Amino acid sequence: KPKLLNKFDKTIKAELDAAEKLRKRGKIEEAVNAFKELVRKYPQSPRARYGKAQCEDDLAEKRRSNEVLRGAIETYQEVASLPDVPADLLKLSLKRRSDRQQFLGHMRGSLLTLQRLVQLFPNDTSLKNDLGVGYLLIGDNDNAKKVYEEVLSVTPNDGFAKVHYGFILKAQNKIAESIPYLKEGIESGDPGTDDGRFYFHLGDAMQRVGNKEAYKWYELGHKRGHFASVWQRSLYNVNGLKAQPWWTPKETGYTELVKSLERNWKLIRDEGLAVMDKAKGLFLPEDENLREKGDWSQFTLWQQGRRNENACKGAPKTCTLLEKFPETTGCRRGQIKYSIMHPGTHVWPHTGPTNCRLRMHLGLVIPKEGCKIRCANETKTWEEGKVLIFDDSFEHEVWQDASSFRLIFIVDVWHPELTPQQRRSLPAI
């Protein structure tokens, strides 16, 4: 269907087809050489150059080589520099360039390629949508938002733009504003809208405004395979891990870790209090829009399986204690952190990103009344010197209505059914 051959390339189609047939048969090394010779003999051929780039792309896949792929990314760019490139080929080549740049984490490079695409094809709405994704991936929600505003001003019912616009509104705490965009966008069924992130945030925005339809959207998201269940809505999962809101120490197998936390709880408490008193700036306010109201701050010792050396200067005995337990200090999908919460706090129902961790809470200073935590359909309270364990990939919710502060110590561990192989290979979160 796409017209890839300019006038000259039609005259060498027999040679171009022969080289591409080698690639399609999986003879990647031969195909590379065939297209390289065509590039040698016909240096201005866009199809020979795209053939070279595609073969390098395949070769990078075969060798699992970032460097080979960087070569392909450059050759895709070379295509665009040649004279007389057909429009369909120019778009295919630069789009693949951007896609592979994103794969490598070259987000600024992808952004430049996407900006070029939009300049070359100013009426192509899909390319503007791709540009918005480029901004989202580099953390530039303001420019992403302007992009989807421009798309929606020309094509108001573009469902891809609606769900991404809604995602951005939601992330900016424009909850009510986000719901119709997320909802209409999912309902469009446009390509790219059947995505767990949009079900997740539509249901959550509805929950925050008291719309009871939320769980109908969680049910649909479960039925379409985005969530393990209506209750457990994490999006970075290893399928099949035992799924249970509340866990006993014995069920986790981390009984030595729990015994150490409980036997030594006062030293952990005392270093947390010393930081509250003498280094309170180490407690950073929660920053993921998870509070309806109130004051909640966290002092993080480990994140993504990496020790914060400076934080551990503030709690050196606690960091020494925990170094003996790599099931938490090496949990690259978890943290180790103090968590202080003050009266008048309500934490919105929410879920963590991954079913690959369980979350331990050690009580340090627990007022006798007013503090509780719900996970799924079950609500509990903390006790000083005692560990609670839940799976925070289940929806959970917290209230602090005491008359003084409440301090806990949060210790994430790898899910106990994950093998050492899985724990070494999962991307950090």
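All residue numbers refer to positions in the sequence shown, first residue = 1.
- Two stretches are in play, 341-349 and 205-213, and the higher mean C-alpha B-factor belongs to 205-213.
- Between 97-105 and 332-340, the higher mean Cα B-factor belongs to 97-105.
- Of the candidates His222, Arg197, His164, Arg263, the one whose C-alpha carries the top B factor in the deposited record is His222.
- Highest C-alpha temperature factor among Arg49, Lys380, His361, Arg63, as the PDB entry reports it: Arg63.
- Remark: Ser393 belongs to the lowest third of its chain, ranked by C-alpha B-factor as recorded.
- In the PDB entry, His415 places in the middle third of its chain by CA B-factor.
- Per-chain ranking of the deposited C-alpha B factor places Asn310 in the highest third.
- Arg40: CA B factor in the highest third of modelled residues in this chain (values from the PDB entry).
- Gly385 sits in the lowest third of its chain by CA B factor, as recorded in the PDB entry.
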